[PDB]
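Everything below concerns the one structure shown next.
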Amino acid sequence: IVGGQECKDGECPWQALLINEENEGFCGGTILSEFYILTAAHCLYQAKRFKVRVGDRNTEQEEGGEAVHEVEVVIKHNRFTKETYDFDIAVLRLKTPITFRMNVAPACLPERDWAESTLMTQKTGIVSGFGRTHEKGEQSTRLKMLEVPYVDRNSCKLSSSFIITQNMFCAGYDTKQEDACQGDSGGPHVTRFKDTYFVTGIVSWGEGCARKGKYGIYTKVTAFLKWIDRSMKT
Amino acid sequence: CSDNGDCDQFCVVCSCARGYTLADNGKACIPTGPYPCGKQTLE
Ligand SMILES: O=C(CN1C[C@H](NC(=O)c2ccc(Cl)s2)C[C@H]1CO)Nc1ccc(-n2ccccc2=O)cc1F
Ligand SMILES: [Ca+2]
Ligand SMILES: [Cl-]
Ligand code: NA
């Protein structure tokens with residue numbers, strides 16, 4: 001996360017962290033339930049073997065609440081391809097159930113039609129992760145969050161070197177130096193409605209981080225609510 | 001549904017995500033456990 005600030009205790013409880021066999025984070029995820037993590041399909045291409053850490057807020061200190069989970073099944077969208085980054089979604093079933101606690105709790109899945117009309121029309125959403133704090137720099141040892149405005153699809157298309165599909169939406173800032181960055185992908189984009197946070201996106205890609213005239217691109221979760229449903233039930 | 005039908009969550013007929021029940025009033029949503037989805041956690 002470039003800009004923004006550190007998540008306070010309990011503030012970003014749906015954050016998950018995919019960790020490689022070096023025990024280093026390389027992607028985020030969203031807790032959907034005691035057994036399921038939502039992440040980006042492109043994240044599955046990095047570590048051949050990875051685990052999931054929940055409850056972590058500082059990767060340099062072991063603090064109460066941290067737990068590690070092995071992944072039992074990876075459900076990657078059949079249509080994802082790096083040619084387009086379209087359908088950049090996967091679900092992970094964990095071998096053992098997450099115990100919800102301080103800093104560990106799922107984000108709500110909205111109902112599709114209501115999400116489209118009510119959440120996707122909100123001014124902002126919140127993105128979080130442990131990724132780089134500057135485009136060329138180091139990953140953050142602390143969990144960060146960032147409020148990101150929804151960006152008009154056409155303004156986004158005009159700004160983008162690549163095709164923005166119906167399974168994507170754009171969020172962030174034209175020139176202000178705040179955005180998600182390398183290491184944050186796979187992680188949550190959630191939208192608060194009244195008193196509840198609903199998962200609306202998956203951090204997916206960007207041309208750099210926080211570049212002038214470029215936005216953050218997210219998988220549009222509303223497009224995949226039935227898919228997520230089926231994936232969690234199989 | 002265009003003040004959200006006065007609903008706390010989904011929308012006139014209100015409803016709520018998994019781990020919640022619609023309150024008697026029929027607009028608010030009540031968590032059934034200590035860690036309902038989409039709520040920041042309290043110590
Ligand atoms: O490959 C990178 C490399 N990026 C990713 C980091 N940025 C981010 O992860 C994000 C910024 C904002 C968000 Cl949201 S995610 C910064 C460099 C580090 O090398 N970015 C891209 C750019 C473009 C694409 N892409 C888009 C559509 C079709 C093909 C295609 O390749 C993917 C991608 F990962
Ligand atoms: Ca830690
Ligand atoms: Cl790039
Ligand atoms: Na920008």
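Numbering starts fresh at 1 for the residues of each chain in the structure tokens, the chains themselves are lettered A, B, ... in the order given, and ligands are numbered from 1 as they appear.
Every protein or nucleic acid residue with an atom no more than 6 Å from segment 6-21 of chain B, counting only C-alpha atoms and leaving out same-chain residues fewer than 5 positions away, appears here: residues 27, 28, 29, 30, 31, 32 and 36 of chain B.
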Go ahead and dump the residues you just picked, C-alpha atoms, as a PDB file, in the first residue's frame.
```
ATOM      1  CA  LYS B  27     -34.998  -3.130   9.030  1.00  0.00           C
ATOM      2  CA  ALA B  28     -32.035  -3.700  11.365  1.00  0.00           C
ATOM      3  CA  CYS B  29     -29.698  -6.693  11.290  1.00  0.00           C
ATOM      4  CA  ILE B  30     -28.632  -8.590  14.402  1.00  0.00           C
ATOM      5  CA  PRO B  31     -25.429 -10.652  14.572  1.00  0.00           C
ATOM      6  CA  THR B  32     -25.884 -14.171  15.853  1.00  0.00           C
ATOM      7  CA  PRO B  36     -20.258 -11.543  12.350  1.00  0.00           C
TER       8      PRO B  36
END
```
Review point. Residues of chain B within 6 Å of chain A, using only C-alpha atoms, as a list in words?
Key: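 Matching residues, ligands excluded from the count: residues 35, 37, 38, 39, 40 and 41 of chain B.
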Review point. Could you list, as JSON, numbers by chain, all the residues within 12 Å of ligand 2, counting only C-alpha atoms and all ligand atoms?
Key: {"A": [9, 17, 23, 24, 25, 53, 54, 55, 56, 57, 58, 59, 60, 61, 62, 63, 64, 65, 66, 67, 68, 103, 130, 140, 141, 142, 143]}
**Study point:** At most 10 Å from ligand 4 (only C-alpha atoms and all ligand atoms): residue list as a PyMOL selection string
**Key:** chain A and resi 159+171-179+206-216
Point to revise | Within 10 Å of ligand 1, counting only C-alpha atoms and all ligand atoms, residues as an MDAnalysis selection string | key: chainID A and resid 1:2 27 42:43 81:86 127:128 131:132 134:137 148 160:165 169:172 178:189 201:211 214:219
Point to revise | Residue nearest residue 226 of chain A among A:157, A:69, A:76, A:112 (counting only C-alpha atoms) | key: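 When distances to residue 226 of chain A are compared using only C-alpha atoms, the smallest one comes from A:112.
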**Study point:** Residue contacts of residue 89 of chain A (6 Å, only C-alpha atoms) excluding same-chain residues fewer than 3 positions away, as a ChimeraX atom specification
**Key:** /A:39-41,77
How about saving the chosen residues, C-alpha atoms kept, as a compact mmCIF listing (two decimals), in the first residue's frame?
```txt
# COMPACT_ATOMS: atom_id res chain seq x y z
CA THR A 39 -7.74 -14.31 -3.69
CA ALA A 40 -6.59 -13.43 -7.20
CA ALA A 41 -6.01 -16.19 -9.70
CA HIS A 77 -11.36 -19.46 -12.28
```
Practice item. Enumerate, as a count of residues only, the complete set of residues in segment 104-154 of chain A that a backbone-based DSSP assignment places in strand (DSSP E or B). Key: 19
From chain A, collect each residue whose DSSP state is helix (DSSP H, G or I) and return the set as an mmCIF file with N, CA, C and O atoms, in the first residue's frame.
```cif
data_model
loop_
_atom_site.group_PDB
_atom_site.id
_atom_site.type_symbol
_atom_site.label_atom_id
_atom_site.label_comp_id
_atom_site.auth_asym_id
_atom_site.auth_seq_id
_atom_site.Cartn_x
_atom_site.Cartn_y
_atom_site.Cartn_z
ATOM 1 N N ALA A 41 -6.621 -15.087 -8.980
ATOM 2 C CA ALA A 41 -6.009 -16.189 -9.704
ATOM 3 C C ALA A 41 -4.510 -15.965 -10.016
ATOM 4 O O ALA A 41 -3.713 -16.917 -9.956
ATOM 5 N N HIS A 42 -4.099 -14.741 -10.380
ATOM 6 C CA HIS A 42 -2.677 -14.553 -10.750
ATOM 7 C C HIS A 42 -1.722 -14.887 -9.592
ATOM 8 O O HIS A 42 -0.555 -15.222 -9.815
ATOM 9 N N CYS A 43 -2.220 -14.828 -8.366
ATOM 10 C CA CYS A 43 -1.377 -15.138 -7.195
ATOM 11 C C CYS A 43 -0.933 -16.601 -7.176
ATOM 12 O O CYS A 43 0.071 -16.929 -6.563
ATOM 13 N N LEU A 44 -1.682 -17.468 -7.851
ATOM 14 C CA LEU A 44 -1.437 -18.905 -7.799
ATOM 15 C C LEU A 44 -0.233 -19.280 -8.657
ATOM 16 O O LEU A 44 0.254 -20.408 -8.585
ATOM 17 N N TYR A 45 0.249 -18.316 -9.437
ATOM 18 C CA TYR A 45 1.331 -18.519 -10.406
ATOM 19 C C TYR A 45 2.690 -18.220 -9.788
ATOM 20 O O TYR A 45 3.735 -18.456 -10.389
ATOM 21 N N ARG A 112 -26.079 -10.028 -5.269
ATOM 22 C CA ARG A 112 -25.538 -9.429 -6.508
ATOM 23 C C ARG A 112 -26.238 -8.142 -6.930
ATOM 24 O O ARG A 112 -25.618 -7.089 -7.053
ATOM 25 N N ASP A 113 -27.544 -8.218 -7.143
ATOM 26 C CA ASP A 113 -28.248 -7.077 -7.710
ATOM 27 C C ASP A 113 -28.179 -5.858 -6.792
ATOM 28 O O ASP A 113 -28.006 -4.717 -7.243
ATOM 29 N N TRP A 114 -28.269 -6.107 -5.493
ATOM 30 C CA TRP A 114 -28.134 -5.061 -4.507
ATOM 31 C C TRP A 114 -26.701 -4.512 -4.469
ATOM 32 O O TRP A 114 -26.496 -3.317 -4.280
ATOM 33 N N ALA A 115 -25.698 -5.384 -4.617
ATOM 34 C CA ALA A 115 -24.321 -4.899 -4.640
ATOM 35 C C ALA A 115 -24.137 -3.921 -5.801
ATOM 36 O O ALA A 115 -23.552 -2.854 -5.645
ATOM 37 N N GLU A 116 -24.650 -4.304 -6.966
ATOM 38 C CA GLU A 116 -24.501 -3.502 -8.186
ATOM 39 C C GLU A 116 -25.112 -2.137 -8.023
ATOM 40 O O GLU A 116 -24.538 -1.126 -8.417
ATOM 41 N N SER A 117 -26.297 -2.097 -7.423
ATOM 42 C CA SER A 117 -27.035 -0.861 -7.337
ATOM 43 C C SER A 117 -26.636 -0.030 -6.123
ATOM 44 O O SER A 117 -26.738 1.198 -6.144
ATOM 45 N N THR A 118 -26.164 -0.695 -5.070
ATOM 46 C CA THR A 118 -25.947 -0.022 -3.783
ATOM 47 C C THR A 118 -24.492 0.124 -3.303
ATOM 48 O O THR A 118 -24.119 1.137 -2.671
ATOM 49 N N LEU A 119 -23.663 -0.876 -3.586
ATOM 50 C CA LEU A 119 -22.279 -0.807 -3.137
ATOM 51 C C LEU A 119 -21.391 -0.226 -4.211
ATOM 52 O O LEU A 119 -20.560 0.640 -3.943
ATOM 53 N N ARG A 153 -15.659 4.041 -15.133
ATOM 54 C CA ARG A 153 -15.112 2.992 -16.024
ATOM 55 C C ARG A 153 -14.512 3.595 -17.305
ATOM 56 O O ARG A 153 -13.501 3.138 -17.809
ATOM 57 N N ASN A 154 -15.116 4.650 -17.833
ATOM 58 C CA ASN A 154 -14.617 5.181 -19.100
ATOM 59 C C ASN A 154 -13.352 5.981 -18.890
ATOM 60 O O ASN A 154 -12.410 5.887 -19.657
ATOM 61 N N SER A 155 -13.313 6.746 -17.813
ATOM 62 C CA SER A 155 -12.099 7.455 -17.477
ATOM 63 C C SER A 155 -10.975 6.419 -17.283
ATOM 64 O O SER A 155 -9.843 6.604 -17.738
ATOM 65 N N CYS A 156 -11.304 5.311 -16.637
ATOM 66 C CA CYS A 156 -10.312 4.261 -16.470
ATOM 67 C C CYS A 156 -9.848 3.662 -17.791
ATOM 68 O O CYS A 156 -8.645 3.507 -18.037
ATOM 69 N N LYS A 157 -10.788 3.307 -18.657
ATOM 70 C CA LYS A 157 -10.402 2.740 -19.952
ATOM 71 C C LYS A 157 -9.434 3.659 -20.696
ATOM 72 O O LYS A 157 -8.445 3.193 -21.263
ATOM 73 N N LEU A 158 -9.739 4.947 -20.704
ATOM 74 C CA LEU A 158 -8.906 5.937 -21.382
ATOM 75 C C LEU A 158 -7.509 5.992 -20.804
ATOM 76 O O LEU A 158 -6.536 6.173 -21.553
ATOM 77 N N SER A 159 -7.407 5.781 -19.496
ATOM 78 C CA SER A 159 -6.131 5.843 -18.788
ATOM 79 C C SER A 159 -5.278 4.606 -18.959
ATOM 80 O O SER A 159 -4.078 4.657 -18.710
ATOM 81 N N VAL A 221 -16.054 -8.254 -7.810
ATOM 82 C CA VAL A 221 -16.619 -9.394 -7.112
ATOM 83 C C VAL A 221 -18.104 -9.624 -7.444
ATOM 84 O O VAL A 221 -18.528 -10.768 -7.565
ATOM 85 N N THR A 222 -18.867 -8.556 -7.682
ATOM 86 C CA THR A 222 -20.285 -8.755 -8.041
ATOM 87 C C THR A 222 -20.438 -9.664 -9.259
ATOM 88 O O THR A 222 -21.405 -10.441 -9.357
ATOM 89 N N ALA A 223 -19.487 -9.603 -10.194
ATOM 90 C CA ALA A 223 -19.565 -10.464 -11.380
ATOM 91 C C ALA A 223 -19.421 -11.951 -11.094
ATOM 92 O O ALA A 223 -19.747 -12.775 -11.947
ATOM 93 N N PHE A 224 -18.938 -12.296 -9.896
ATOM 94 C CA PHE A 224 -18.571 -13.656 -9.569
ATOM 95 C C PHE A 224 -19.266 -14.175 -8.324
ATOM 96 O O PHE A 224 -18.867 -15.211 -7.783
ATOM 97 N N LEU A 225 -20.291 -13.471 -7.860
ATOM 98 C CA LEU A 225 -20.988 -13.945 -6.658
ATOM 99 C C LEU A 225 -21.566 -15.367 -6.785
ATOM 100 O O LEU A 225 -21.466 -16.162 -5.850
ATOM 101 N N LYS A 226 -22.154 -15.705 -7.931
ATOM 102 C CA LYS A 226 -22.618 -17.089 -8.118
ATOM 103 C C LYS A 226 -21.488 -18.099 -8.187
ATOM 104 O O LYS A 226 -21.586 -19.211 -7.648
ATOM 105 N N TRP A 227 -20.396 -17.706 -8.830
ATOM 106 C CA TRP A 227 -19.206 -18.534 -8.944
ATOM 107 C C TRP A 227 -18.578 -18.822 -7.576
ATOM 108 O O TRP A 227 -18.159 -19.952 -7.280
ATOM 109 N N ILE A 228 -18.518 -17.785 -6.756
ATOM 110 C CA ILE A 228 -17.960 -17.901 -5.415
ATOM 111 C C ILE A 228 -18.864 -18.846 -4.651
ATOM 112 O O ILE A 228 -18.403 -19.760 -3.957
ATOM 113 N N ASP A 229 -20.167 -18.624 -4.790
ATOM 114 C CA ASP A 229 -21.152 -19.480 -4.151
ATOM 115 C C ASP A 229 -20.897 -20.940 -4.494
ATOM 116 O O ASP A 229 -20.762 -21.775 -3.605
ATOM 117 N N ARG A 230 -20.823 -21.247 -5.785
ATOM 118 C CA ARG A 230 -20.621 -22.629 -6.230
ATOM 119 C C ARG A 230 -19.270 -23.182 -5.768
ATOM 120 O O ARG A 230 -19.128 -24.375 -5.423
ATOM 121 N N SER A 231 -18.267 -22.313 -5.753
ATOM 122 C CA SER A 231 -16.938 -22.739 -5.368
ATOM 123 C C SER A 231 -16.913 -23.113 -3.890
ATOM 124 O O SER A 231 -16.242 -24.054 -3.503
ATOM 125 N N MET A 232 -17.643 -22.384 -3.065
ATOM 126 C CA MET A 232 -17.667 -22.649 -1.631
ATOM 127 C C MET A 232 -18.508 -23.859 -1.257
ATOM 128 O O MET A 232 -18.420 -24.368 -0.132
ATOM 129 N N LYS A 233 -19.316 -24.323 -2.191
ATOM 130 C CA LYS A 233 -20.220 -25.428 -1.912
ATOM 131 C C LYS A 233 -19.724 -26.758 -2.458
ATOM 132 O O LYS A 233 -20.231 -27.801 -2.076
#
```
